[PDB]
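See below for entry_6.cif, which holds mmCIF, N, CA and C atoms.
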```cif
data_my_file
#
loop_
_atom_site.group_PDB
_atom_site.id
_atom_site.type_symbol
_atom_site.label_atom_id
_atom_site.label_comp_id
_atom_site.auth_asym_id
_atom_site.auth_seq_id
_atom_site.Cartn_x
_atom_site.Cartn_y
_atom_site.Cartn_z
ATOM 1 N N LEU A 111 0.861 -12.143 -4.432
ATOM 2 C CA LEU A 111 -0.440 -11.500 -4.562
ATOM 3 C C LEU A 111 -0.688 -10.575 -3.380
ATOM 4 N N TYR A 112 -1.556 -9.584 -3.586
ATOM 5 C CA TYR A 112 -1.854 -8.565 -2.590
ATOM 6 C C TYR A 112 -3.342 -8.261 -2.587
ATOM 7 N N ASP A 113 -3.814 -7.774 -1.443
ATOM 8 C CA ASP A 113 -5.172 -7.280 -1.293
ATOM 9 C C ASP A 113 -5.135 -6.136 -0.289
ATOM 10 N N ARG A 114 -6.307 -5.551 -0.029
ATOM 11 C CA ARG A 114 -6.386 -4.396 0.859
ATOM 12 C C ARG A 114 -5.920 -4.743 2.268
ATOM 13 N N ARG A 115 -6.344 -5.898 2.784
ATOM 14 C CA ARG A 115 -6.001 -6.258 4.155
ATOM 15 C C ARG A 115 -4.504 -6.495 4.315
ATOM 16 N N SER A 116 -3.869 -7.161 3.346
ATOM 17 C CA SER A 116 -2.436 -7.428 3.453
ATOM 18 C C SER A 116 -1.625 -6.138 3.422
ATOM 19 N N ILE A 117 -1.975 -5.217 2.521
ATOM 20 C CA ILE A 117 -1.259 -3.950 2.432
ATOM 21 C C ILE A 117 -1.456 -3.142 3.708
ATOM 22 N N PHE A 118 -2.691 -3.104 4.214
ATOM 23 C CA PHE A 118 -2.974 -2.353 5.433
ATOM 24 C C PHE A 118 -2.209 -2.920 6.624
ATOM 25 N N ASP A 119 -2.157 -4.247 6.751
ATOM 26 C CA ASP A 119 -1.405 -4.846 7.849
ATOM 27 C C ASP A 119 0.088 -4.581 7.708
ATOM 28 N N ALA A 120 0.610 -4.650 6.479
ATOM 29 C CA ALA A 120 2.034 -4.411 6.264
ATOM 30 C C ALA A 120 2.421 -2.986 6.630
ATOM 31 N N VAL A 121 1.639 -2.003 6.180
ATOM 32 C CA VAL A 121 1.973 -0.618 6.500
ATOM 33 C C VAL A 121 1.754 -0.342 7.980
ATOM 34 N N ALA A 122 0.763 -0.990 8.602
ATOM 35 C CA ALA A 122 0.578 -0.835 10.042
ATOM 36 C C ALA A 122 1.786 -1.352 10.809
ATOM 37 N N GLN A 123 2.315 -2.507 10.405
ATOM 38 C CA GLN A 123 3.514 -3.063 11.016
ATOM 39 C C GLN A 123 4.807 -2.481 10.453
ATOM 40 N N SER A 124 4.742 -1.679 9.384
ATOM 41 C CA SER A 124 5.914 -1.044 8.783
ATOM 42 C C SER A 124 6.881 -2.065 8.192
ATOM 43 N N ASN A 125 6.367 -3.207 7.741
ATOM 44 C CA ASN A 125 7.189 -4.258 7.144
ATOM 45 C C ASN A 125 7.301 -3.973 5.653
ATOM 46 N N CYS A 126 8.446 -3.427 5.243
ATOM 47 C CA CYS A 126 8.665 -3.140 3.830
ATOM 48 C C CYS A 126 8.829 -4.411 3.007
ATOM 49 N N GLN A 127 9.342 -5.484 3.614
ATOM 50 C CA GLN A 127 9.621 -6.700 2.856
ATOM 51 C C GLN A 127 8.340 -7.347 2.353
ATOM 52 N N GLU A 128 7.245 -7.213 3.103
ATOM 53 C CA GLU A 128 5.965 -7.726 2.630
ATOM 54 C C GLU A 128 5.483 -6.979 1.394
ATOM 55 N N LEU A 129 5.851 -5.704 1.256
ATOM 56 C CA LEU A 129 5.447 -4.867 0.135
ATOM 57 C C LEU A 129 6.474 -4.842 -0.990
ATOM 58 N N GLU A 130 7.475 -5.728 -0.958
ATOM 59 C CA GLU A 130 8.515 -5.714 -1.982
ATOM 60 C C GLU A 130 7.945 -6.019 -3.361
ATOM 61 N N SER A 131 7.000 -6.951 -3.439
ATOM 62 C CA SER A 131 6.416 -7.381 -4.701
ATOM 63 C C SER A 131 5.180 -6.579 -5.096
ATOM 64 N N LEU A 132 4.894 -5.470 -4.408
ATOM 65 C CA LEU A 132 3.687 -4.704 -4.702
ATOM 66 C C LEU A 132 3.756 -4.075 -6.087
ATOM 67 N N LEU A 133 4.907 -3.495 -6.433
ATOM 68 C CA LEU A 133 5.070 -2.865 -7.744
ATOM 69 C C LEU A 133 4.916 -3.855 -8.894
ATOM 70 N N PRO A 134 5.635 -4.988 -8.935
ATOM 71 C CA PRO A 134 5.375 -5.949 -10.016
ATOM 72 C C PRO A 134 3.974 -6.521 -9.988
ATOM 73 N N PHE A 135 3.366 -6.654 -8.806
ATOM 74 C CA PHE A 135 1.983 -7.115 -8.732
ATOM 75 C C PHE A 135 1.045 -6.152 -9.449
ATOM 76 N N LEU A 136 1.182 -4.855 -9.171
ATOM 77 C CA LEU A 136 0.326 -3.873 -9.824
ATOM 78 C C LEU A 136 0.627 -3.784 -11.313
ATOM 79 N N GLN A 137 1.903 -3.880 -11.692
ATOM 80 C CA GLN A 137 2.252 -3.751 -13.103
ATOM 81 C C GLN A 137 1.784 -4.953 -13.913
ATOM 82 N N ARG A 138 1.803 -6.150 -13.325
ATOM 83 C CA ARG A 138 1.262 -7.319 -14.007
ATOM 84 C C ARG A 138 -0.259 -7.278 -14.038
ATOM 85 N N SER A 139 -0.882 -6.873 -12.930
ATOM 86 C CA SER A 139 -2.337 -6.841 -12.855
ATOM 87 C C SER A 139 -2.946 -5.712 -13.677
ATOM 88 N N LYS A 140 -2.161 -4.690 -14.033
ATOM 89 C CA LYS A 140 -2.634 -3.566 -14.844
ATOM 90 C C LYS A 140 -3.778 -2.830 -14.152
ATOM 91 N N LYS A 141 -3.633 -2.623 -12.842
ATOM 92 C CA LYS A 141 -4.608 -1.901 -12.038
ATOM 93 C C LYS A 141 -3.870 -0.965 -11.096
ATOM 94 N N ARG A 142 -4.513 0.154 -10.785
ATOM 95 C CA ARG A 142 -3.878 1.244 -10.066
ATOM 96 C C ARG A 142 -3.975 1.033 -8.562
ATOM 97 N N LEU A 143 -2.978 1.556 -7.845
ATOM 98 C CA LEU A 143 -3.011 1.546 -6.388
ATOM 99 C C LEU A 143 -4.134 2.409 -5.824
ATOM 100 N N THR A 144 -4.648 3.363 -6.602
ATOM 101 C CA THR A 144 -5.754 4.219 -6.197
ATOM 102 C C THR A 144 -7.122 3.645 -6.545
ATOM 103 N N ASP A 145 -7.195 2.434 -7.093
ATOM 104 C CA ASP A 145 -8.479 1.867 -7.469
ATOM 105 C C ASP A 145 -9.298 1.520 -6.230
ATOM 106 N N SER A 146 -10.596 1.293 -6.452
ATOM 107 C CA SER A 146 -11.524 1.043 -5.354
ATOM 108 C C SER A 146 -11.216 -0.237 -4.588
ATOM 109 N N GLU A 147 -10.474 -1.177 -5.182
ATOM 110 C CA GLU A 147 -10.141 -2.411 -4.476
ATOM 111 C C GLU A 147 -9.284 -2.150 -3.246
ATOM 112 N N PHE A 148 -8.458 -1.100 -3.276
ATOM 113 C CA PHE A 148 -7.518 -0.808 -2.202
ATOM 114 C C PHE A 148 -8.008 0.262 -1.236
ATOM 115 N N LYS A 149 -9.021 1.037 -1.608
ATOM 116 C CA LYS A 149 -9.656 1.947 -0.670
ATOM 117 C C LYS A 149 -10.595 1.180 0.251
ATOM 118 N N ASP A 150 -10.815 1.729 1.440
ATOM 119 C CA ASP A 150 -11.801 1.147 2.334
ATOM 120 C C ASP A 150 -13.194 1.300 1.718
ATOM 121 N N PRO A 151 -14.081 0.294 1.823
ATOM 122 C CA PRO A 151 -15.406 0.452 1.197
ATOM 123 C C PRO A 151 -16.266 1.539 1.816
ATOM 124 N N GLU A 152 -16.014 1.930 3.065
ATOM 125 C CA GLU A 152 -16.870 2.849 3.812
ATOM 126 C C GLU A 152 -16.248 4.217 4.029
ATOM 127 N N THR A 153 -15.033 4.278 4.571
ATOM 128 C CA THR A 153 -14.377 5.552 4.836
ATOM 129 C C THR A 153 -13.706 6.136 3.604
ATOM 130 N N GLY A 154 -13.304 5.297 2.654
ATOM 131 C CA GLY A 154 -12.573 5.759 1.494
ATOM 132 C C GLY A 154 -11.092 5.956 1.710
ATOM 133 N N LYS A 155 -10.564 5.607 2.880
ATOM 134 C CA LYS A 155 -9.145 5.787 3.134
ATOM 135 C C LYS A 155 -8.326 4.817 2.296
ATOM 136 N N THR A 156 -7.140 5.267 1.905
ATOM 137 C CA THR A 156 -6.199 4.511 1.094
ATOM 138 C C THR A 156 -5.049 4.034 1.971
ATOM 139 N N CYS A 157 -4.144 3.266 1.365
ATOM 140 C CA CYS A 157 -3.042 2.693 2.128
ATOM 141 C C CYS A 157 -2.086 3.763 2.638
ATOM 142 N N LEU A 158 -1.988 4.899 1.944
ATOM 143 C CA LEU A 158 -1.146 5.981 2.442
ATOM 144 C C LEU A 158 -1.707 6.565 3.728
ATOM 145 N N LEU A 159 -3.022 6.767 3.790
ATOM 146 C CA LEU A 159 -3.624 7.303 5.004
ATOM 147 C C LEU A 159 -3.517 6.307 6.152
ATOM 148 N N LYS A 160 -3.625 5.010 5.852
ATOM 149 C CA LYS A 160 -3.381 3.997 6.871
ATOM 150 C C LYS A 160 -1.944 4.068 7.372
ATOM 151 N N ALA A 161 -0.988 4.269 6.464
ATOM 152 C CA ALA A 161 0.409 4.359 6.870
ATOM 153 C C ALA A 161 0.666 5.594 7.721
ATOM 154 N N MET A 162 0.070 6.727 7.348
ATOM 155 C CA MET A 162 0.315 7.975 8.063
ATOM 156 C C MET A 162 -0.214 7.925 9.489
ATOM 157 N N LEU A 163 -1.295 7.187 9.724
ATOM 158 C CA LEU A 163 -1.862 7.059 11.060
ATOM 159 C C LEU A 163 -1.144 6.029 11.923
ATOM 160 N N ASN A 164 -0.143 5.312 11.385
ATOM 161 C CA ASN A 164 0.651 4.329 12.127
ATOM 162 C C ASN A 164 2.121 4.698 11.945
ATOM 163 N N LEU A 165 2.619 5.562 12.829
ATOM 164 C CA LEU A 165 4.002 6.022 12.833
ATOM 165 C C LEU A 165 4.651 5.607 14.142
ATOM 166 N N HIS A 166 5.856 5.051 14.050
ATOM 167 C CA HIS A 166 6.627 4.584 15.197
ATOM 168 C C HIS A 166 7.845 5.486 15.342
ATOM 169 N N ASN A 167 7.876 6.265 16.424
ATOM 170 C CA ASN A 167 8.908 7.280 16.649
ATOM 171 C C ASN A 167 8.963 8.275 15.494
ATOM 172 N N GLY A 168 7.795 8.616 14.953
ATOM 173 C CA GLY A 168 7.729 9.547 13.848
ATOM 174 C C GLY A 168 8.195 8.997 12.522
ATOM 175 N N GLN A 169 8.375 7.681 12.411
ATOM 176 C CA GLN A 169 8.935 7.036 11.233
ATOM 177 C C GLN A 169 7.998 5.950 10.733
ATOM 178 N N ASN A 170 7.954 5.804 9.413
ATOM 179 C CA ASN A 170 7.316 4.649 8.791
ATOM 180 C C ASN A 170 7.931 4.518 7.406
ATOM 181 N N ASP A 171 8.772 3.503 7.228
ATOM 182 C CA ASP A 171 9.526 3.360 5.991
ATOM 183 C C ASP A 171 8.645 3.029 4.792
ATOM 184 N N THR A 172 7.435 2.514 5.012
ATOM 185 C CA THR A 172 6.572 2.124 3.905
ATOM 186 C C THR A 172 5.971 3.310 3.160
ATOM 187 N N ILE A 173 6.035 4.522 3.714
ATOM 188 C CA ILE A 173 5.441 5.675 3.044
ATOM 189 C C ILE A 173 6.192 5.980 1.754
ATOM 190 N N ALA A 174 7.524 6.018 1.826
ATOM 191 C CA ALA A 174 8.325 6.232 0.626
ATOM 192 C C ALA A 174 8.133 5.098 -0.369
ATOM 193 N N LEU A 175 7.968 3.871 0.133
ATOM 194 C CA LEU A 175 7.718 2.720 -0.729
ATOM 195 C C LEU A 175 6.425 2.902 -1.514
ATOM 196 N N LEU A 176 5.351 3.291 -0.823
ATOM 197 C CA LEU A 176 4.070 3.499 -1.489
ATOM 198 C C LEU A 176 4.136 4.651 -2.480
ATOM 199 N N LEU A 177 4.808 5.745 -2.111
ATOM 200 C CA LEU A 177 4.904 6.879 -3.026
ATOM 201 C C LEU A 177 5.697 6.516 -4.275
ATOM 202 N N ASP A 178 6.789 5.764 -4.115
ATOM 203 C CA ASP A 178 7.560 5.327 -5.272
ATOM 204 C C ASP A 178 6.742 4.397 -6.159
ATOM 205 N N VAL A 179 5.968 3.496 -5.547
ATOM 206 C CA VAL A 179 5.122 2.589 -6.318
ATOM 207 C C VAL A 179 4.073 3.376 -7.098
ATOM 208 N N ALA A 180 3.452 4.363 -6.450
ATOM 209 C CA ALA A 180 2.470 5.202 -7.129
ATOM 210 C C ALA A 180 3.109 6.004 -8.255
ATOM 211 N N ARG A 181 4.343 6.471 -8.051
ATOM 212 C CA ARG A 181 5.071 7.139 -9.126
ATOM 213 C C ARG A 181 5.271 6.210 -10.311
ATOM 214 N N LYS A 182 5.699 4.979 -10.046
ATOM 215 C CA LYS A 182 6.092 4.091 -11.129
ATOM 216 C C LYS A 182 4.897 3.493 -11.859
ATOM 217 N N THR A 183 3.791 3.231 -11.164
ATOM 218 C CA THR A 183 2.724 2.449 -11.773
ATOM 219 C C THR A 183 1.953 3.223 -12.833
ATOM 220 N N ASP A 184 1.176 4.227 -12.410
ATOM 221 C CA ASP A 184 0.465 5.119 -13.323
ATOM 222 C C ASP A 184 0.766 6.585 -13.045
#
```

Represent the structure from my file as structure tokens, please.
Amino acid sequence: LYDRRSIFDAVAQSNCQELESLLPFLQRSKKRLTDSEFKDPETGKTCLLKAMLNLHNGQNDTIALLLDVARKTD
């Protein structure tokens, strides 16, 4: 299972293994990664913007993971 806080912490730490089950989670739940559950309630930022603001040596492997998940889901 996943929620906004878990995804945000995973992309902040750049742990791709925590996000391995994100695609089947979304496909079983039948809800989009762009839905309001995953945006911040106040700023409106999404997990991609959280990932982009946390780069280590100019790298963050979770960005491609999120883009592929967004491609595959809806």

Name the residues that the PyMOL selection byres ((chain A and resi 132-134) around 8) picks from the file above, as a list in words, using the file's chain letters and numbers.
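Applied to this file, the PyMOL selection byres ((chain A and resi 132-134) around 8) selects residues 111, 112, 127, 128, 129, 130, 131, 135, 136, 137, 138, 139, 140, 178, 179, 180, 182 and 183 of chain A.
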
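Counting from atom N of residue A:118, the distance to atom CA of residue A:157 is 6.2 Å.
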
Determine which residues of chain A DSSP labels as helix (DSSP H, G or I) from the backbone of this structure, then write them out as a PyMOL selection string.
chain A and resi 114-123+127-129+132-139+157-162+172-183

Could you jot down the atom N of residue A:168 to atom N of residue A:145 separation for me, Å, one decimal place?
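Distance reported for this atom pair: 27.4 Å.
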
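Relative to atom CA of residue A:159, atom CA of residue A:125 is found at 16.0 Å.
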
As a list in words, please: the residues near residue A:124 (cut-off 6 Å, only C-alpha atoms, same-chain neighbours under 3 positions excluded).
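After dropping sequence-adjacent residues, the list is residues 120, 121, 170 and 172 of chain A.
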
Would you place a box with edges along x, y and z of the file around all atoms of stretch 155-158 of chain A listed there, add 8 Å to each of its six sides, and report the centre and edge lengths in Å to one decimal, as JSON?
```
{"center_x": -5.9, "center_y": 4.6, "center_z": 2.4, "size_x": 25.4, "size_y": 19.9, "size_z": 18.6}
```

For the provided coordinates, the residues matched by the PyMOL selection byres (((chain A and resi 160-162 and name CA) around 12) and name CA) should be stated as a PyMOL selection string.
chain A and resi 114-126+148-150+153-159+163-166+168-177
